[PDB]
């Protein structure tokens, strides 16, 4: 669909309210502590919207939302959006200085926070002159007491479809950049990918390990399913415990499962993976980083369920290149999504020849107009009708897009560019490797060479044979210049809360260690 198909004045609360009153009694969200129907969610959201008015919240103002994946997260979100205020979904695993930057940068007058993050804000309270009211979920306004006297009716704000309704802070190399999205972006992404590509329907039930502050989870596990009347499952617990994730799948029986390759690998690493009932699943989705072909087969062979890998970014809200239930090429990002126009260019802007590595330029109506409080980086990223994602890609002879890696993660060995994704995808083929990361590192002649940081399967330790096996595997599958000069075994890798690997930290630690 197009933006022109939408009414000129649109509010993203319609994502929820397009289901009323027909699906008023259908359970909309499933949480271990709570289950709500579409009517109950709408009622509580209207109470939130009314309660925010009592705190003086107005159209165009940012409201802080820092809590676990829960019913209170959703009702707060739609309460803010319906009011015409700007919802700020904040990362749950940050530091107090990181929270201080965010809240000051968006001038949040009101913060909705869970009690377990309360002291993390309490120590930065003085440095937030605009923050007046802190509502606590779990000296302050408690969530339930705060929405109790408020009526369950509310009129949606007369928001333009291009007006900002949300602000997502994407972690940088930094710090984080504020990414504002308009009301129009929500039904657009829900239609362009959620329906047209993934094939979400009313009978479906979504469950994403990705959190609601991550737009991968925001769309896939809330905006997209509710757009078609489907239900969603919210997991408030720590994502690191893969066993509890599989049990949630067994208990609540979702039909769609979202995760990152690092999450799929962690699940398959479990010795008792098959002991969980995953039969309700009809489709799985992977994103955040490129899903290795070895992981796609390992999951397909253990579950029978296809995984849909697709690349998205917070600047575009969601996926712009994806695979399809009828068309999957394991290891690739699939085909261009209809409505999104792609382009691969060199480092000077010229369209590369077919098959060669180029920079990704995205043409989208769901893309943000600019960053929040980053003038320089906005003009570097948002190039008119084209969006620079900072990714290197190349196209198959069959038209399939393969992620070479982040432009920063690319390493140059002997003048030739080496893709970390390809090398990592080869390493993970070995059954002893759970996951890995490949960076560039000077070789005491200061010639950059590939170094592989490898996490082994649980309880497995390196051996003289294992190194040899991995070495011989890289000789058979990759060209000599792409082979890892060093192989270092680790028990953990620097990760973001969005299921990414912070290779810039490995690149920092390796450069530091090389100088010793």
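Positions refer to the first chain, counted from 1.
Student: Which class describes the count of deposited residues lacking coordinates between residue 138 and residue 139: none, 1 to 3, 4 to 9, or 10 or more?
Tutor: Gap between residue 138 and residue 139: 4 to 9 unmodelled residues.
Student: Gap size between residue 173 and residue 174, counting deposited residues with no coordinates: none, 1 to 3, 4 to 9, or 10 or more?
Tutor: Gap between residue 173 and residue 174: 1 to 3 residues without coordinates.
Student: Quick check on the record: does 451-459 or 465-473 carry the larger mean Cα temperature factor?
Tutor: The recorded data point to 465-473.
Student: Decide which of the stretches 80-88 and 250-258 has the higher mean C-alpha B-factor, going by the entry.
Tutor: Averaging CA B-factors over each stretch, the winner is 250-258.
Student: Out of 382, 143, 400, 340, which shows the largest CA B-factor listed in the entry?
Tutor: Most elevated C-alpha B-factor of the set, per the entry: 143.
Student: Pick out which of 502, 19, 11, 498 has the highest C-alpha B-factor in the PDB entry.
Tutor: Highest C-alpha B-factor among the listed options: 19.
Student: Lowest, middle or highest third of the chain for the C-alpha temperature factor of residue 1?
Tutor: It falls in the middle third of the chain.
Student: Hey, what third does residue 329 fall into on Cα B-factor, ranked over its chain?
Tutor: Residue 329: CA B-factor falls in the middle third of its chain.
Student: Give the position of residue 38 by CA B-factor within its chain, expressed as the lowest, middle or highest third.
Tutor: As the PDB entry reports it, the C-alpha B-factor of residue 38 lands in the lowest third of its chain.
Student: Test of reading the entry: by CA B factor among the chain's modelled residues, which third contains residue 389?
Tutor: Residue 389: CA B-factor falls in the middle third of its chain.
Student: What third of its chain's C-alpha B-factors does residue 480 belong to: lowest, middle or highest?
Tutor: Its C-alpha B-factor, which the entry lists for residue 480, ranks in the middle third among residues of this chain.
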